[PDB]
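J.: Right, I'll just put the structure down here and ask away after.
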Amino acid sequence: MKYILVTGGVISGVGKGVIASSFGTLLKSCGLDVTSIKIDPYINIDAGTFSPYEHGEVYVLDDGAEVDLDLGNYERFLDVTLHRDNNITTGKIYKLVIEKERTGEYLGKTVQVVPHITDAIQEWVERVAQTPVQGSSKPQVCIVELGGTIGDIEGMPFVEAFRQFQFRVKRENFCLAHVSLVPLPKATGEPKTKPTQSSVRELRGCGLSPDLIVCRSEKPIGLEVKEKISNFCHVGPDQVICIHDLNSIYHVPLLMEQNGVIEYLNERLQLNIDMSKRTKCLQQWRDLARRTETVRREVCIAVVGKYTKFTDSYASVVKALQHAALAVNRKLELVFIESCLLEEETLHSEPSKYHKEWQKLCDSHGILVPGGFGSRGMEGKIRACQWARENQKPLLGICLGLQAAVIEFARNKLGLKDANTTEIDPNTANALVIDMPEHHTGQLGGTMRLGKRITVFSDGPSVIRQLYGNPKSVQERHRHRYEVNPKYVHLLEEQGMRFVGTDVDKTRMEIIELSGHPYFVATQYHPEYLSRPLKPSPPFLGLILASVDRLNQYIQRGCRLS
Amino acid sequence: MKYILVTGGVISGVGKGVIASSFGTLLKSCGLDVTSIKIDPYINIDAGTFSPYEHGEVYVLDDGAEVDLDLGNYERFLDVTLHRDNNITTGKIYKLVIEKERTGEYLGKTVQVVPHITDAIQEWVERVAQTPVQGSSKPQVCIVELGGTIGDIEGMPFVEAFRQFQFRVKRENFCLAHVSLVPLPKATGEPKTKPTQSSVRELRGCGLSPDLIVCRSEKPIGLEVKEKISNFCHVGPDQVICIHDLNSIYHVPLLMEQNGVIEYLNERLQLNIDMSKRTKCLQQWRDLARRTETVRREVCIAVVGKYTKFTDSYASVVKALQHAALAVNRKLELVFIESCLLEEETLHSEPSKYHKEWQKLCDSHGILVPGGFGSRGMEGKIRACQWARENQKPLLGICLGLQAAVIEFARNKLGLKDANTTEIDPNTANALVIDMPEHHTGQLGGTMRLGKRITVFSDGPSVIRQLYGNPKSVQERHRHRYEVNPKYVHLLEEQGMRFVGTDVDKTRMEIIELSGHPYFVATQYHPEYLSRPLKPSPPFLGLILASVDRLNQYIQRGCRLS
Amino acid sequence: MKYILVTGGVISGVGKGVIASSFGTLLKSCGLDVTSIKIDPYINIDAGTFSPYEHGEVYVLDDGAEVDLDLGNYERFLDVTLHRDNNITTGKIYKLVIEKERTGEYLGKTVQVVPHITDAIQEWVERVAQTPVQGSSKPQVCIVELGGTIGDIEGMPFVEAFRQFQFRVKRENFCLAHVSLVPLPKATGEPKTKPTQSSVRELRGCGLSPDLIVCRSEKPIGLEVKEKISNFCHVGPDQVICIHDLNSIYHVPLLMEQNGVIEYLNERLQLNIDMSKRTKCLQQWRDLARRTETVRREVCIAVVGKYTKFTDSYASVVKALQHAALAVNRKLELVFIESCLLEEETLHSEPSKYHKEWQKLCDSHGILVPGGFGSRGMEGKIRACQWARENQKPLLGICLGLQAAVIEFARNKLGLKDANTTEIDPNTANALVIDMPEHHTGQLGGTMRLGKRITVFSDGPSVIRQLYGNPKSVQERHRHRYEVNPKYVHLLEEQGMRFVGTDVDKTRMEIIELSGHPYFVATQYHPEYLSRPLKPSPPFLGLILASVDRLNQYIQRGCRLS
C-alpha cells in the first residue's frame with residue numbers, strides 16, 4: 001500500500017549506504033517492519049566475470065550464492081536479512097524477457113516498451129510486497145531503493161513505471177526525492193549548489209515533480225542558502241534538510257530532532273506512531289553515540305590492503321568492527337600499507353619507500369592478511385606473516401591467506417622450498433592446496449566453494465568457540481574456491497598443528513591452529529561481516545582482552561552525568 | 001475562483017472559433033455568466049504594420065480601436081461584448097515590461113525571467129476576473145482562451161504560470177485540455193491518429209498531465225479507436241469525445257446528449273445547475289437547427305472576395321448572415337468570383353477566367369462590393385457595380401465602395417473622365433474622395449476614421465431606417481480612412497442623389513442613396529457583423545422581402561410536430 | 001575573414017578576464033592586431049537602475065558613457081581601446097528590433113525568430129569587423145568574446161548564429177571551445193571532472209562539435225586524467241591544456257612553451273608568423289615575471305573596502321597598481337577592513353571587533369578612501385581620514401571622498417557642526433557639495449557628471465603634475481554626480497587649502513590640496529584604472545618615493561645571471 005522510493009548516488013562507492021539506512025531504521029524504531037529492494041542499472045551480475053574486488057565489495061553475508069555490494073549494513077542495522085530475490089539487476093530481468101517472447105504467451109506479437117516493459121516491473125514489486133523475511137508477517141510499507149547510477153539511457157522506462165503506481169492510488173502514498181550534490185568552491189566560499197537547479201529540469205522533462213528536499217554537506221552552513229532551494233522547488237522553507245555527515249552514522253538522528261521531519265511524514269501518509277519520548281525510541285542510539293566519542297588509545301596497528309586510495313576491500317569492514325570494539329574501550333588506528341610495492345619491484349628500484357614500512361609493522365600488535373588479485377602480489381604476503389610469528393606477535397583469522405600460511409610453515413619448521421604459489425601457475429610437486437570444486441550434491445561441476453554449509457567443530461577449549469556459549473554446530477558461509485588435499489596433510493598431524501574445526505565429512509580442514517603460539521587464529525570464513533553491535537567478533541575481540549586484561553574500568557566511572 | 005483554459009488551434013484560420021464558442025454557451029444556458037479572455041502568441045497587433053486583410057479578419061464589431069480576429073462569434077452567440085482590454089497579445093505586454101525595468105520599481109535588480117514574468121501574467125488575470133461586461137456583476141467562472149498557435153519557444157513560461165494557480169487551490173478547479181488533430185490518409189483507411197501520442201510527450205516534457213479528451217473529426221468513426229486514446233491518457237473509455245464538425249455550429253449540441261459530458265463537469269467542479277429538461281435549455285437551439293435544414297431555393301447569388309481559396313474577408317460574414325435569412329425561408333448559393341484576374345491581365349493574356357465570371361451575376365439578385373489591396377485591382381471593380389445598376393438590379397451597402405461608386409456615377413450621368421482612383425495616385429484634379437484624417441477631439445493628426453461615433457440620419461422613409469422601429473440616433477462603427485469633401489458635392493445635390501444619413505456635424509456624407517432606383521443601399525459602416533439571429537440586417541433582408549413579397553408561407557405549415 | 005569565439009565563465013566575477021586576455025595578446029606579439037567584441041546575456045546595462053557596485057566593477061576607463069565590467073584589462077594589456085559600440089548587450093539589441101517592426105521595413109509580416117534574429121546579429125559583427133580602434137587599419141582576425149553566463153534560455157539563437165558563418169566558408173576559420181570546470185574532491189583525491197562529460201552532451205544536442213580542449217586548475221595534476229578527456233572528445237592526446245592559474249597573469253605563457261599550442265593554431269588557419277626566438281616575442285613578459293617574484297617588504301598598509309568577501313570594488317584595481325609598483329621594488333600588503341561594522345553598530349553591541357581595527361591603521365602608512373552605498377556607512381568614513389592627517393600620515397587621492405573631506409576640515413580647523421552628509425538627507429544649511437547636474441552643452445537635464453572632459457590645471461610645482469613631463473591639459477574622466485558650489489568656498493581660500501587643478505570654466509574645484517601637509521593628494525578622477533605597466537600612477541607611486549628615497553638599489557645588483 002505504501003511505496004517510497006530511495007535515491008542513492010551516482011557512483012557505486014561514494015556513501016549512499018548511510019543515507020538509505022537512515023530511512024530504514026525510522027519505521028523500525030516506531031514498531032513497524034519494512035524490507036529492502038534495490039536495482040542495479042548496469043549490464044548483468046557484478047559477481048560474474050568481473051574481478052572479485054575493484055569497485056564493489058562482494059561478499060556472502062547470509063546468502064547461498066552471490067550478493068550485491070551495499071547489503072551488509074542493512075542486516076547489521078535493521079532486523080531483516082537478504083536472500084536470492086533481493087539482488088535485482090538488469091541482467092536478471094533479461095533472463096526471462098527473452099524466454100517469454102520465445103516460448104509463446106502473447107501470441108508472438110512484436111512489442112516495443114509499453115505496455116510490456118513498464119508492466120514487467122510490476123511483477124517484481126507486488127511479489128516481494130507480501131513476502132518479507134523470517135521475522136515478520138506482512139510489511140505495510142514497501143520501500144524500493146535505487147543504487148548504482150541514476151539518469152542514463154535505461155532511465156526512460158523507470159519514469160513511466162513510477163507514475164503507474166501513483167495515478168491509481170491517492171497522493172498520500174508517494175514522496176519523490178531525487179539527488180543533488182553540493183559542490184565546494186576553491187576560490188570564493190559561498191555554497192552555490194549547481195546540481196540542484198539541474199535536477200529539477202530533468203524531472204520536469206519526463207513527467208515528475210519534486211516534493212522533498214535532498215542535500216548533502218559536512219558542516220552546518222549558514223541560513224543564506226536555505227531559502228534558495230525553497231523558491232526553486234516551491235516547497236516549505238522550514239523543511240530544508242542540512243545534513244552534515246562526515247564518515248559515521250550518528251550524524252543523522254541528531255538533525256531530525258532539530259528541523260522537524262519525524263512528525264511530517266506521520267501525518268503525510270496517515271500512519272501509526274508509538275510515542276514515548278520523541279516519536280521513535282532514541283535512547284538506544286544515544287548510548288552508542290556518546291560512549292563512542294569517549295574512548296582513545298592510539299595504538300600502532302599495521303594493516304595490509306591492496307592499493308593506497310579508498311578501495312572496496314574494507315569499506316564495510318572497518319565500520320562493523322569499530323562498534324564491537326566498544327566493550328574494551330580501546331581505539332585501533334588503521335594505516336595504509338600497499339602489498340604491491342614491497343617485493344622485488346621496490347628494493348631493486350628505490351629503497352626509499354621500503355625501510356619505512358618495516359618500522360611500523362614490527363612494533364605493532366595486530367597484523368591482518370590481505371588477499372590476492374591474479375599475479376599482482378605473492379612474495380610480500382609471505383614475509384609479512386612469518387615475521388610476526390617469530391616476534392611473538394599474535395595474528396587474526398582472515399580469509400584468502402590459507403595458501404600462503406602453508407608455505408612459510410613448511411620452510412621454517414621443515415624446509416620444503418618446492419611448495420610455492422599454486423593459484424597462479426600450478427606446476428609444483430608439493431602442491432598442498434589446489435583448485436577442487438564441489439563433487440557432492442547441490443553444485444555439480446566446476447563451481448565455487450560457498451553456500452549454506454554446516455560447520456562442525458572438533459575440539460572444545462579454544463579462543464573462537466568459547467565466545468558462542470559452547471556451541472556444537474554454527475552456520476557459517478565461505479567465499480573461496482581452493483580446497484586442502486586430505487592426502488598432503490601428513491606433516492601437519494605429526495607436529496603442533498591441530499585442527500579445532502572441520503566439516504561434516506571430516507575431510508576439509510577449514511580451521512587450523514598452531515600450538516605453542518599465545519594467540520593464533522586462522523580459518524576460512526569471514527567473521528568481520530558478522531560483527532554485530534550486540535555480539536562482538538571472535539578474533540579481533542579476543543586479542544585485546546588477552547593483551548592487558550583490563551576489566552576494572554567499568555567500576556571507576558559510576559555514571560558521572562546521572 | 002474557477003479558471004478553465006481553452007485550447008484553440010495551430011494556425012489562425014482553421015476553425016478554432018466554433019470549438020471555443022461551444023464551451024462558452026454551456027454555462028450561459030444554465031443561468032450563469034462568464035467572460036472571454038484570449039492571448040495571441042504572435043508578435044503584436046495584426047492591424048498595425050501588416051496588411052488589413054490576408055490571414056486574420058480584422059473588423060470593428062463594437063470597439064473603439066483595433067480588434068483581434070476571432071471576437072465576432074463570441075458577441076453574437078453569447079451575451080457579452082469585447083473592449084480594449086480583451087485583445088491581449090505579446091506586443092501589449094512588452095510595452096510595460098521595458099518601462100518598469102527602466103524607471104525603477106523593484107530596485108533595478110537584474111534577473112532572468114522568473115519570478116517576474118510568471119507573476120506579471122497574474123496581474124492580467126486577477127484584474128479581468130471581477131470586471132466583466134455591461135450585463136453582469138461578477139462572473140464566478142473566468143475562462144482563459146488560447147488562440148493563434150500552440151507549441152512555440154515563447155510557450156515555456158506559459159506552462160509554469162498555469163501550474164501556479166493550480167498548486168495553490170484544490171484539484172477541482174482546473175482541467176487540462178491540449179490539442180490532437182486526427183488526419184485521414186487517402187491510402188489506407190484506419191483512423192490512426194498521430195498527434196495524439198505526440199501531444200502527451202510534450203506535456204510530460206514540461207511538467208503537465210492530460211486529464212480531458214480532445215479530438216476533431218468530420219464523420220462518425222468506429223469504436224475500435226475510442227479505447228486507443230483512453231489507455232494512452234489513463235482516462236475513462238466512456239468519456240471520449242467524437243465530434244464530427246462540418247462547417248456550422250449545430251453539430252456540437254447533438255453529441256453532448258449522447259456521450260455524457262453535460263453532467264460530468266457539474267460534479268467535477270461543484271457548481272450549481274438549473275435543471276428543467278436536460279441540464280441546460282436546449283429548446284432554444286433545436287428551433288434554429290432543424291428549421292434551418294428545411295429550406296431551399298438555390299438562387300444565383302454572386303459575391304466578390306479577393307482570391308479563390310478560403311481568405312479572411314468573409315470567414316465571419318457568411319455565417320452571421322445565414323442565420324438572419326431564416327425569416328424568409330430562402331437559401332442563398334455562394335460562389336467564388338475573383339476581381340484580380342479580370343482587368344487587362346486576363347483580357348490581353350488568355351480570355352478564359354473573365355467571360356465565365358460574368359455568367360453568374362447578370363441575373364443575380366444580390367451583388368456585393370469587395371475592397372482594395374493597394375494596387376491589385378482598380379478597373380474591374382468599377383465595371384462590376386455600374387453593370388448591375390443599368391439592368392435594374394438592386395445592390396447592397398458594403399464598405400470600401402464609396403471610392404468607386406462616385407466614378408461610375410460621374411461618367412454615366414455626366415462625363416467626368418478625369419475623376420479616377422484617388423487611393424493609389426492622388427494627382428487628378430477631380431479628386432472627390434481624398435485622404436483626410438480626424439481634425440476634431442479625441443484623435444489628433446493622421447489617424448484612422450473609426451471609433452465610437454454617433455450617426456444621425458436626415459430623412460425618414462427609406463429601407464435602412466424603418467427596420468429599427470423609426471429611430472433617431474443609432475450607434476454604428478466604421479473602418480476606413482478616406483472622407484468625402486464637402487466642396488466637391490455640388491453635382492450630387494442638383495441630381496437625384498439624396499443623403500438619407502449624415503453625421504453630427506452635417507459635413508461627412510457617410511450614407512448616400514440614388515433616387516429612381518427600386519432598391520439602392522450604400523453606406524460606410526458594416527451591418528453584416530451585427531447580423532444577430534434575433535435582429536436581421538437592414539440591407540440583405542430588405543432585398544428578399546421586396547423581391548416576391550411571399551408572406552403566406554407561415555400559415556401553410558401550422559406546426560406539423562405538434 | 002577569421003572569427004574565433006571566446007568562452008568566458010558561468011558567473012560575472014569568477015576570473016574570465018585573465019583567460020580571455022591570453023588569446024588576445026597572442027596575435028599582438030606576432031605582429032598582428034585584433035579587436036575585442038563581447039556580449040552580455042543579461043537584461044541591459046548594469047549601471048542603469050541597478051546599484052553602481054555590487055557584482056560588476058563599473059568604471060569609466062576611456063569612455064564617454066557607461067561601460068561593462070571586464071574591459072579594463074584589455075586596454076592595459078593590449079594596445080586597443082573601448083568605445084560606445086563595445087558594450088553590446090541584450091537590451092541594446094531590443095532597442096531597434098521593436099522600432100523596425102513598428103515603423104515598417106519588411107512589410108510588417110508576422111514572423112517568429114528565424115531568419116530574422118540570426119540575421120540581425122550579422123549586422124553587429126560585419127560592422128565592427130573593418131572598424132577597429134585608433135591604432136590599426138583593418139584587423140584580419142575578428143574574435144568575439146562571450147561574457148556573463150552561458151547556456152540558458154536565450155542561448156538557442158546564439159547556436160544557430162555561430163554555425164551560419166561556418167557553413168558558408170571553409171573549416172579552417174573556426175575553432176569551437178566551450179567551458180568545463182574541474183571540481184576538486186574533499187574525501188578521495190582523484191580529479192574526476194563532471195562538467196566535461198556534461199558539456200559534450202549539450203553541444204551534440206544543438207548541432208555543434210567540440211574540437212579544442214578547455215580546462216582550469218591551480219596545480220600541475222597527474223597524467224592519469226589527460227587521456228580521459230581525449231577519448232571523450234576524440235581529439236589529440238598531446239593537445240590537452242593543463243593551466244595552473246592561481247591569481248596572476250604570468251601562469252599562462254609558461255605553459256604554451258611546454259605542451260605545443262603556439263604552432264598548432266598557425267597551420268590550422270594558415271596565418272603569418274614573425275619568428276625570432278619562439279614564435280612570438282617572450283622577452284617582454286619574462287622581464288616582468290621573474291623580477292616581480294624577487295621583491296618583498298611586508299609593510300602594514302590598512303585599506304578600507306566595503307564587505308569582507310571578494311567584492312567588485314577592487315577586482316581590477318589591485319592588479320594594475322601592483323605592476324606599476326615594481327620600479328621601487330616594494331611590496332604592499334592589503335588587508336580587509338569593513339567600514340559598515342565600525343560606527344555605532346559595533347561599540348554599542350560588542351567591542352571585540354572594534355579595538356583590533358584601530359591597532360592596524362594607526363601604525364600604517366597608506367590609508368585609502370572607500371565609497372558610499374546609500375546609507376550603509378557615513379560616520380566611520382569621517383573618523384578614518386581625520387586621524388591619519390593628525391598623525392602625520394599621508395593619504396591618497398580616491399574618488400567618492402570629497403563629500404567627507406570637507407566635513408572633517410570644517411570641524412577641526414573651524415567648527416561647522418551643521419555641515420553633515422548631503423548625499424543622504426539634503427536638509428542642512430551649510431551644504432557645501434550638493435547634487436547639481438550638467439547645465440552646459442551635450443548633457444541636458446538631470447544627467448551624470450562624466451564624459452570626455454578637458455581638465456586644465458592651475459598651479460605648477462606639485463606631486464600629481466611633475467610626473468607627466470610638465471603638461472598643460474590632460475584628458476581625464478570622472479564618475480560622480482555631486483558638484484562643489486562656487487559660493488560656499490569662501491572659507492577654503494582664506495586658509496591653506498589651495499586648488500592645483502580646476503576645469504575649463506574655473507568654477508568646479510575638482511582637485512584640492514591642503515598646504516602644510518607633507519603629502520596630501522585629493523581629486524575626483526580615478527588614476528588607478530590608468531595604471532599602465534610603462535607609466536606609474538601619480539598618487540600611490542609618489543608616496544613610496546618620498547618615504548625613504550632609496551634609489552641606490554639598481555647599482556647593487558649588476559645582473560648576476562647575465
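In the C-alpha cells, the first chain shown is A, the next is B, and so on; residue numbers restart at 1 for each chain, and ligands run from 1 in the order shown.
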Residues of range 168-272 of chain A in helix (DSSP H, G or I) according to DSSP, as JSON, numbers by chain?

T.: {"A": [195, 196, 197, 198, 199, 200, 201, 202, 203, 204, 226, 227, 228, 229, 230, 231, 232, 233, 237, 238, 239, 253, 254, 255, 256, 264, 265, 266, 267, 268, 269]}

J.: Quick one: residues within 10 Å of residue 510 in chain A, only C-alpha atoms counted, chain neighbours fewer than 3 positions away excluded, as a list in words?

T.: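 Contacts, with the query itself left out: residues 402, 455, 457, 478, 483, 484, 499, 500, 501, 502, 503, 507, 522, 523, 524 and 525 of chain A.
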
J.: Using only C-alpha atoms and a cut-off of 10 Å, which residues of chain C sit close to chain B? Please list them as JSON, numbers by chain.

T.: {"C": [41, 42, 43, 44, 45, 46, 47, 48, 49, 50, 51, 91, 94, 95, 98, 101, 102, 103, 104, 105, 106, 107, 108, 109, 110, 111, 112, 113, 152, 153, 154, 156]}

J.: Output C-alpha atoms for every residue in the selection just made, as a PDB file, in the first residue's frame.

T.:
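The new file again-v8.pdb reads:
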ATOM      1  CA  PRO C  41      23.329  37.686 -21.810  1.00  0.00           C
ATOM      2  CA  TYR C  42      21.670  39.682 -19.002  1.00  0.00           C
ATOM      3  CA  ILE C  43      18.844  42.226 -19.309  1.00  0.00           C
ATOM      4  CA  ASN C  44      20.559  45.541 -20.048  1.00  0.00           C
ATOM      5  CA  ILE C  45      23.249  47.868 -18.695  1.00  0.00           C
ATOM      6  CA  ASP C  46      24.180  47.172 -15.076  1.00  0.00           C
ATOM      7  CA  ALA C  47      24.937  50.861 -14.416  1.00  0.00           C
ATOM      8  CA  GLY C  48      21.345  51.869 -15.193  1.00  0.00           C
ATOM      9  CA  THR C  49      18.798  51.064 -12.488  1.00  0.00           C
ATOM     10  CA  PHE C  50      20.947  48.608 -10.511  1.00  0.00           C
ATOM     11  CA  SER C  51      23.387  49.662  -7.804  1.00  0.00           C
ATOM     12  CA  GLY C  91      18.956  45.369 -24.026  1.00  0.00           C
ATOM     13  CA  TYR C  94      15.917  45.192 -28.365  1.00  0.00           C
ATOM     14  CA  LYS C  95      16.019  48.984 -28.808  1.00  0.00           C
ATOM     15  CA  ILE C  98      10.858  46.888 -31.593  1.00  0.00           C
ATOM     16  CA  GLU C 101       8.684  46.198 -36.580  1.00  0.00           C
ATOM     17  CA  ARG C 102       6.662  49.329 -35.721  1.00  0.00           C
ATOM     18  CA  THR C 103       7.877  51.669 -38.479  1.00  0.00           C
ATOM     19  CA  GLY C 104       7.703  49.278 -41.429  1.00  0.00           C
ATOM     20  CA  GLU C 105      10.635  47.840 -43.376  1.00  0.00           C
ATOM     21  CA  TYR C 106       9.730  44.168 -44.004  1.00  0.00           C
ATOM     22  CA  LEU C 107       6.078  44.836 -44.948  1.00  0.00           C
ATOM     23  CA  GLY C 108       5.116  44.178 -41.316  1.00  0.00           C
ATOM     24  CA  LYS C 109       4.983  40.417 -41.830  1.00  0.00           C
ATOM     25  CA  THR C 110       4.237  38.398 -38.690  1.00  0.00           C
ATOM     26  CA  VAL C 111       7.421  36.387 -38.132  1.00  0.00           C
ATOM     27  CA  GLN C 112       8.796  34.286 -35.262  1.00  0.00           C
ATOM     28  CA  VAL C 113      12.589  34.387 -34.752  1.00  0.00           C
ATOM     29  CA  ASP C 152      20.148  29.151 -20.503  1.00  0.00           C
ATOM     30  CA  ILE C 153      17.035  30.221 -22.417  1.00  0.00           C
ATOM     31  CA  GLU C 154      18.316  32.928 -24.786  1.00  0.00           C
ATOM     32  CA  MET C 156      19.225  28.929 -28.538  1.00  0.00           C
TER      33      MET C 156
END

J.: What's around range 362-367 of chain B at 10 Å? Count only C-alpha atoms, leave out sequence neighbours fewer than 3 positions away in its own chain, and write the answer as a PyMOL selection string.

T.: chain B and resi 299-304+332+357-359+370+384-385+387-388+391+393-398+539-540+543-544+547

J.: Taking the backbone alone, and naming residues the way the document does, which bits of range 4-187 of chain C are strand (DSSP E or B) by DSSP, as JSON, numbers by chain?

T.: {"C": [5, 6, 7, 37, 40, 89, 113, 115, 134, 136, 141, 144, 145, 146]}

J.: Write out the residues from the selection above, keeping N, CA and C atoms, as a compact mmCIF listing (two decimals), in the first residue's frame.

T.:
# COMPACT_ATOMS: atom_id res chain seq x y z
N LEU C 5 35.60 32.38 -31.52
CA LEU C 5 34.79 32.69 -30.35
C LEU C 5 35.59 32.45 -29.08
N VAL C 6 35.30 33.26 -28.06
CA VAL C 6 35.97 33.18 -26.77
C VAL C 6 34.90 32.96 -25.71
N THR C 7 35.00 31.85 -24.98
CA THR C 7 34.05 31.50 -23.93
C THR C 7 34.60 31.95 -22.59
N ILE C 37 35.20 42.25 -29.00
CA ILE C 37 33.75 42.38 -29.03
C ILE C 37 33.16 41.31 -28.13
N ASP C 40 26.64 40.55 -23.49
CA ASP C 40 26.13 40.27 -22.15
C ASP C 40 24.77 39.60 -22.24
N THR C 89 24.86 44.34 -25.43
CA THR C 89 24.07 43.53 -24.51
C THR C 89 22.73 43.20 -25.16
N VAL C 113 11.25 34.10 -35.25
CA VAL C 113 12.59 34.39 -34.75
C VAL C 113 13.60 34.24 -35.88
N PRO C 115 14.21 33.58 -40.25
CA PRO C 115 15.60 34.06 -40.26
C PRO C 115 15.71 35.57 -40.05
N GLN C 134 41.71 53.38 -32.85
CA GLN C 134 42.67 54.37 -33.35
C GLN C 134 44.08 53.83 -33.12
N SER C 136 45.06 50.97 -35.77
CA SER C 136 45.19 49.99 -36.83
C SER C 136 44.25 50.36 -37.97
N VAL C 141 41.95 39.27 -38.04
CA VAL C 141 41.27 38.34 -37.13
C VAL C 141 40.29 39.14 -36.29
N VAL C 144 35.28 37.22 -31.18
CA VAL C 144 34.07 37.61 -30.47
C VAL C 144 34.08 36.91 -29.12
N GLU C 145 33.99 37.68 -28.04
CA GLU C 145 34.01 37.14 -26.70
C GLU C 145 32.59 36.87 -26.20
N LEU C 146 32.50 36.06 -25.15
CA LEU C 146 31.22 35.70 -24.54
C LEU C 146 31.38 35.79 -23.02

J.: Mind checking which residues fall within 12 Å of range 404-408 of chain C, counting only C-alpha atoms, ignoring those fewer than 2 positions away in the same chain, and posting them as a PyMOL selection string?

T.: chain C and resi 369-372+377-390+395+397-402+410-423+430-433+484+488-489+491-492+497+512-514+520-524

J.: At what distance in Å, to one decimal, does CA of residue 479 in chain A lie from CA of residue 69 in chain A?

T.: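 Atom-to-atom, CA of residue 69 in chain A to CA of residue 479 in chain A, that is 14.3 Å.
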
J.: From the set A:226, A:309, A:171, A:192, which residue has the shortest atom-to-atom contact distance to residue 55 in chain A, counting only C-alpha atoms?

T.: A:309

J.: Rank nothing, just name the residue among A:170, A:453, A:550, A:508 nearest to residue 436 in chain A, using only C-alpha atoms.

T.: A:508

J.: Which residues are near residue 73 in chain B? Cut-off 9 Å, only C-alpha atoms, ignore same chain within fewer than 2 positions. Put them as an mmCIF file with C-alpha atoms, in the first residue's frame.

T.:
data_model
loop_
_atom_site.group_PDB
_atom_site.id
_atom_site.type_symbol
_atom_site.label_atom_id
_atom_site.label_comp_id
_atom_site.auth_asym_id
_atom_site.auth_seq_id
_atom_site.Cartn_x
_atom_site.Cartn_y
_atom_site.Cartn_z
ATOM 1 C CA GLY B 17 -13.803 29.768 -33.147
ATOM 2 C CA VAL B 18 -16.601 27.198 -33.234
ATOM 3 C CA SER B 21 -17.758 29.031 -28.570
ATOM 4 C CA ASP B 70 -11.826 35.808 -33.556
ATOM 5 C CA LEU B 71 -14.062 38.036 -31.422
ATOM 6 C CA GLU B 75 -20.664 38.618 -29.111
ATOM 7 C CA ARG B 76 -23.233 37.110 -31.492
ATOM 8 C CA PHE B 77 -23.576 33.754 -29.715
ATOM 9 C CA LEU B 78 -23.126 34.822 -26.088
ATOM 10 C CA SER B 316 -17.308 35.510 -40.051
ATOM 11 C CA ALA B 320 -23.894 35.625 -39.391
#

J.: Quick one, how far is CA of residue 271 in chain B from CA of residue 140 in chain B?

T.: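 Answer for the CA of residue 271 in chain B to CA of residue 140 in chain B separation: 9.7 Å.
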
J.: Excluding same-chain residues fewer than 5 positions from residue 435 in chain B, what lies within 12 Å of it counting only C-alpha atoms, as a list in words?

T.: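 The contact residues come out as residues 403, 421, 422, 423, 424, 425, 426, 446, 447, 448, 449, 480, 481, 482, 483, 484 and 485 of chain B.
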
J.: Near range 180-189 of chain B, counting only C-alpha atoms, which residues have an atom at most 9 Å away, once you skip same-chain residues fewer than 5 positions from it, shown as a list in words?

T.: residues 194, 195, 196, 197, 198, 199, 214, 215, 216 and 217 of chain B
